[PDB]
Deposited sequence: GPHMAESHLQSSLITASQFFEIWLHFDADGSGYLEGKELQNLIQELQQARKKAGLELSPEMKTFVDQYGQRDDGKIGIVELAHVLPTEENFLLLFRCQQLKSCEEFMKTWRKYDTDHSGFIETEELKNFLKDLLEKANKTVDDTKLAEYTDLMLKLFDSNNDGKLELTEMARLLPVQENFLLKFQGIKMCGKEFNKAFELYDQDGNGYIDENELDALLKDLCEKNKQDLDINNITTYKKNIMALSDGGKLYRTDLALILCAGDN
């Protein structure tokens, strides 16, 4: 359990289940990030643990302690995480927002608007096979279960776009700025109808640009008109060949 983290920080190599217990030990509010007292507790306990183990700090541990709000992905690279689990965070599909949006569309194969366990399993299996690793069904089931528990913020047993997007670095995750912009179904449906200006049933890139300019204007504290081109490019990656249907735009704007 999370109490075992003190023992885990002394390990030569940390299993995915151990990394999960470390995360839950320090993340006292379950917010998905270590900050303030939680981060200070990690810095103190990581150094005390390697000392108790009679070990030196690895180069990544030295660089982390020297330069310290950090998330789950950053912690996985600092610690001696087991190889096949750490490989799941060294994907260009989780480093570029545009490539992550294409990955979401690729792996939501039942068009449910969520990534369910079996879809997440297929994504992780494909990442491992791309790295030439032979997948063991038991460990893959364990990795999938732990990745879901780490990122399923609302505990509904599946991932929504904003949950899985937290695998991205803070700078690429534009969805953090769209948090308080999300609308209910009725209001969203009214906006979709307004912004489909030619009335052909979908929103194209020119129509999305008008939408994004209007959203920037009404949410000055959250969005930035100078990043419209990036917002446009990220959102167009969820489209069906340049066509944003109601369910595609709902992923970004509907609560």
Mind pulling out the bits of the deposited sequence that never got modelled, as residue ranges from 1?
-> 69 to 74, 262 to 264
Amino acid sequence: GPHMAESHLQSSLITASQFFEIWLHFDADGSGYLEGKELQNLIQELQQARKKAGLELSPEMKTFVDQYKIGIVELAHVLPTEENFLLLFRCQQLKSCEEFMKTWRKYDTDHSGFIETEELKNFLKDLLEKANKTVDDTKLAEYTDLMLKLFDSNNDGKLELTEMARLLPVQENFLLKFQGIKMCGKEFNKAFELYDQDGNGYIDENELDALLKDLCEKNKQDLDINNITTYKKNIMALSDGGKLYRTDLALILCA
From here on, numbers count along this sequence of modelled residues.
Name the higher of the two by mean Cα B-factor in the PDB entry, 209 to 217 versus 58 to 66.
-> 58 to 66
Mean C-alpha B-factor comparison - 83 to 91 and 148 to 156, higher one = 83 to 91
Tell me which of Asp198, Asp204, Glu187, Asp222 tops the list for C-alpha B factor in the record.
-> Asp222
Based on what the PDB entry reports, which of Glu118, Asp136, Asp126, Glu142 has the top C-alpha B-factor?
-> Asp136
If you rank the chain by CA B-factor, which third does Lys130 end up in: lowest, middle or highest?
-> middle
Entry-reported C-alpha B-factor of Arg166 relative to its chain, by third, is middle
Should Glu98 be placed in the lowest, middle or highest third of its chain by the C-alpha B factor in the entry?
-> middle
Which third of the chain holds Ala53 when residues are ordered by C-alpha B factor: lowest, middle or highest?
-> middle
Hey, what third does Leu39 fall into on Cα B-factor, ranked over its chain?
-> highest
